[PDB]
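Protein chains in written order, with the working numbering: chain A, 1 to 431; chain B, 1 to 87; chain C, 1 to 213. The C-beta atom is built at its ideal place from N, Cα and C for all residues, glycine as well.
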Amino acid sequence: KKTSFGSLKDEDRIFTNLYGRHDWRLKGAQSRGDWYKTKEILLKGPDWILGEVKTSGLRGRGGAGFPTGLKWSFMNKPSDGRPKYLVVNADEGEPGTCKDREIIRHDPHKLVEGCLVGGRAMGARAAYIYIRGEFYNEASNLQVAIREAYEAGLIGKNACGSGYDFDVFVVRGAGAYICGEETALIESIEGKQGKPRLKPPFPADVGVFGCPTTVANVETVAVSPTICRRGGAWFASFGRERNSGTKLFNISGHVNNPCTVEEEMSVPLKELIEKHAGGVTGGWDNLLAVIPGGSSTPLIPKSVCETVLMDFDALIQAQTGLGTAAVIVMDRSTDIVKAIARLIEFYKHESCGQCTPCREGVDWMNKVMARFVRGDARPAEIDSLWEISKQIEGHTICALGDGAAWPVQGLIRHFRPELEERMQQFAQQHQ
Amino acid sequence: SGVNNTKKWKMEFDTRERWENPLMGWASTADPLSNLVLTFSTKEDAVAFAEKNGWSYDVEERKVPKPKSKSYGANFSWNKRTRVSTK
Amino acid sequence: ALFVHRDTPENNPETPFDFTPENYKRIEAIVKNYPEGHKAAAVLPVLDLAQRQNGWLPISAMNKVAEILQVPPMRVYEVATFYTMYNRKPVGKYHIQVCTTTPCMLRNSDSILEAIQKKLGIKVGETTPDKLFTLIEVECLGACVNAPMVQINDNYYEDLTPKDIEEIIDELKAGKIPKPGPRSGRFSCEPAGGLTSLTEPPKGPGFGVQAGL
Ligand SMILES: Cc1cc2nc3c(=O)[nH]c(=O)nc-3n(C[C@H](O)[C@H](O)[C@H](O)COP(=O)(O)O)c2cc1C
Ligand code: SF4
Ligand code: FES
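Have a look at this one:
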């Protein structure tokens, strides 16, 4: 089998206009292979499409990493009289994550085609694309791209000439990270506070407007047409087994050339940073820690970063997760406690407030972490903060509560001596 | 919301005059049974105790909350009135 | 930063607001995006429309949206106070929003905040006396690889330096429109100093298509 991963080739890159160097409107999208044989894909039936997605091994690119073909197949069932919908999650709110932004504005027709192909698989009559309200220009690009498809017969009535009616609506958010959560997104579309729903019922049973719904990430849906064209096996030939395909990576923070890039799954973390980002600032030896999958994932220290791979299973073993694959790099000049304290401050401002452990607990964690930054605490409080985070984790309605706890646990797990040192400095100064 | 005080049967007696004490305004009574409350496992136990002691009595049948049909899903109904406008 | 309303002379249920005829046609299109019987789904887009016409949301505007969509006013108030992009106080002509979450913090977004404060003579959360600029800190704006970045009204300005941000404020005071995007060499999110991928000509239609279509 393949034993090393990375060094992906342009011939095998899905998002070929990632950098906006080519025309983003329909004429460019067609010349690059979009909307080609879309009718054939639609006339092959949902069961064929879901099988292609099932065999590709695609896993959700929104953060949870749930296998996609299995998830989409929950909609594969007879209608009971309600309409069926595909909600596309373009909220892109996780700090460090900006991959969906490039897809929306530079490759909008891949998303629009993905909506139709995935919508056909689920039997949906329309797709609502929920895009965060701060992406006004990207949302206008998407509506322009959607208008071209409607004018080409590629969507709407008799889409592509397949006898299938599909609408693509774009609805904008109004400023809330919690509206990236699948059920909180649905409540936002319905015109409520973006507060998540409890499960059950699952969205495939009772979703937007109370109807069967599937929420899919923009990247998850944007690659779907290509997997159907080139086949699931082609996509599954990349990355480790169960970690298939090509992934978008955002390398930010203390790198020489922060960038977004498409790279094969299971690429080493070290290679990814050096190859595309130009390496850590001040040399690889100047690395302190990396947040590998967005703010919700725990950080890892330089020692783990040496050999860890970038895929779901590799990063779980390092006591973290792939998340959105947003790589935030911190060099040794970083005040690590301050950096993690700022993320807990972020979750504090983003918690919807609905449920007790996050409404009260995250704010409590923020107040403690602020004192840790200054050392105005006692070493016994470190174990108390670990216990508090475990009272939030797994007890909240939605996974924002877990995402607030994990960064705190990562800091305590790998940088406890730093925390104690700061308390030592504060105590001896006021002594 | 706790229901732990609705488990057992109680026997109490009819309320009688309380009046204000002239010196202090305290609540005076001449009813020796004003505070007497007995606890019984079952209605039959309470009735039997009342009969042998010669007290006339009224028995009120136990009130049990109706069993309700709860469903979180109904809050988001496609076409029913149970759809909630807020959470 | 209060989530209760107290009527004042310039913000009470009698404050004049109403959609223009042009906006009433846009509202009709918005409502048609949702199934009949679920008109409340239009609350967010219609509220945003009122703010685009008016610049902020007086309580009268919230009531007007409620009346149009036949939604209880409290359910509109709940939306208005939940989402952070809705302005319930008048803001400046240019709403500068500096991202300060960690990825932008790691690239010295603090210096950007200093440059804007020194140049405008105001503090975070304040508006200038001329009512041109209102400055706030925000959370991640989904442009972290282009940090430090700011949003002014609908536009993103990215890979900033204290000089670059100071120029943008000069362009706004003078009345000009500064073009959005990175102020460094690059055009978007590609690596600086040359692409590390996507350098070959894109493949054309039908490339690598599986047999059987
Ligand atoms: C607080 C929070 C924020 C989230 N934000 C996003 C987001 O911005 N984009 C996204 O695709 N998924 C986001 N998610 C994950 C979604 O809830 C959901 O798992 C995902 O959209 C499903 O799509 P996928 O299966 O294609 O990955 C978020 C989850 C939480 C708990
Ligand atoms: S965990 Fe936080 S964001 Fe999620 S439902 Fe509970 S209070 Fe809201
Ligand atoms: S951290 Fe500033 S744009 Fe994401």
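Residue i (DSSP reduced to helix, strand or coil)
i, result
"B:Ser28", "strand"
"C:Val43", "helix"
"C:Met74", "helix"
"C:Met105", "helix"
"A:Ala145", "helix"
"A:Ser73", "helix"
"A:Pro407", "helix"
"B:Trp19", "strand"
"A:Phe346", "helix"
"A:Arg61", "coil"
"C:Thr8", "strand"
"A:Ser295", "coil"
"A:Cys259", "strand"
"A:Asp167", "strand"
"A:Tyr19", "coil"
"A:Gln319", "coil"
"A:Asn243", "coil"
"B:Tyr57", "coil"
"A:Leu309", "strand"
Nearest-angstrom Cα separation, counted from residue j out to residue i
i, j, result
"residue 283 of chain C", "A:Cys179", "The structure shown has nothing for residue 283 of chain C, since chain C only spans 1 to 213."
"A:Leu419", "A:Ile412", "8 Å"
"C:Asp159", "A:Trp48", "45 Å"
"A:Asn17", "C:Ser188", "12 Å"
"A:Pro67", "A:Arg242", "9 Å"
"A:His349", "C:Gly142", "16 Å"
"residue 470 of chain A", "A:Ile104", "As displayed, chain A neither begins before 1 nor continues past 431, which places residue 470 of chain A out of reach and without an answer."
"C:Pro16", "A:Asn89", "37 Å"
"B:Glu17", "B:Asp45", "29 Å"
"A:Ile291", "A:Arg332", "14 Å"
"A:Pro417", "A:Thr281", "24 Å"
"A:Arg197", "A:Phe74", "19 Å"
"B:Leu33", "A:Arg359", "52 Å"
"A:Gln193", "B:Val37", "52 Å"
"C:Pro103", "A:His395", "28 Å"
"A:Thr320", "A:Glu345", "20 Å"
"C:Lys32", "A:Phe169", "10 Å"
Residue range of the unbroken beta strand (DSSP E) whose run includes residue i
i, result
"A:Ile328", "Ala326 to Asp331"
"A:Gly96", "Segment: none, A:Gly96 is in no beta strand (DSSP E) and carries neither H nor E."
"A:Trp35", "Neither: A:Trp35 is in no beta strand (DSSP E) and is coded neither H nor E."
"C:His95", "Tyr94 to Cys99"
"C:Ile136", "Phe133 to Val138"
"B:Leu38", "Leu38 to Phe40"
"A:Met122", "Premise fails: A:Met122 lies in the alpha helix (DSSP H), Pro108 to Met122, not in any beta strand (DSSP E)."
"A:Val215", "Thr213 to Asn217"
"A:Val362", "First-last for A:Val362: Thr356 to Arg374, but that is the alpha helix (DSSP H), not the beta strand (DSSP E)."
"A:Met265", "Neither: A:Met265 is in no beta strand (DSSP E) and is coded neither H nor E."
Any non-hydrogen atom of ligand 4 within 7 Å of residue i CB
i, result
"C:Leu49", "As for ligand 4, it is missing from this structure, which binds only ligand 1, ligand 2 and ligand 3."
Top-ranked residue by Cα proximity to residue i, from the options
i, options, result
"A:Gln429", "A:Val215, A:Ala174, A:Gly375 and A:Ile300", "A:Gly375"
"A:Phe372", "A:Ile129, A:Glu393, A:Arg342 and A:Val304", "A:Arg342"
"A:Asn257", "A:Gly232, A:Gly283 and A:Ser4", "A:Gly283"
"C:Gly175", "C:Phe133, C:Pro73 and C:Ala115", "C:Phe133"
"C:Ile68", "C:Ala42, C:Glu78 and C:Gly212", "C:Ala42"
"C:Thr101", "A:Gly96, A:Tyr36 and A:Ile103", "A:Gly96"
"C:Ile112", "C:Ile169, C:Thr8, C:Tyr34 and C:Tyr24", "C:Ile169"
"A:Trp72", "A:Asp80, A:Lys54 and A:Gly65", "A:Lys54"
"B:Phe40", "B:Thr29, B:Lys10 and B:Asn21", "B:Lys10"
"C:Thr199", "A:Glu274, A:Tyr19 and A:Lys77", "A:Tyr19"
"A:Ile41", "A:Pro83, A:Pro78 and A:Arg120", "A:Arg120"
"C:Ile30", "C:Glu10, C:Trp56 and C:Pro45", "C:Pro45"
"C:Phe3", "C:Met74, C:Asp18, C:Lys25 and C:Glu22", "C:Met74"
"C:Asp154", "A:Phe169, A:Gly156, A:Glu94 and A:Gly133", "A:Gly133"
"A:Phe249", "A:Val329, A:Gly207 and A:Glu421", "A:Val329"
"B:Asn21", "B:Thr15, B:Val59, B:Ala30 and B:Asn4", "B:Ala30"
Beta-carbon separation (whole angstroms), residue i vs residue j, contact threshold 8 Å
i, j, result
"A:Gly123", "A:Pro201", "That belief does not hold up - the Cβ atoms of A:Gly123 and A:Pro201 are roughly 18 Å apart, past 8 Å."
"A:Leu185", "A:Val87", "6 Å"
"A:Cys160", "A:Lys39", "4 Å"
"A:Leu322", "A:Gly293", "5 Å"
"C:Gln51", "C:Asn23", "In fact, because the Cβ distance is near 11 Å, the residues do not count as touching under 8 Å."
Host alpha helix (DSSP H) of residue i (start-end)
i, result
"C:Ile122", "Premise fails: C:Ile122 is in no alpha helix (DSSP H) and is neither H nor E."
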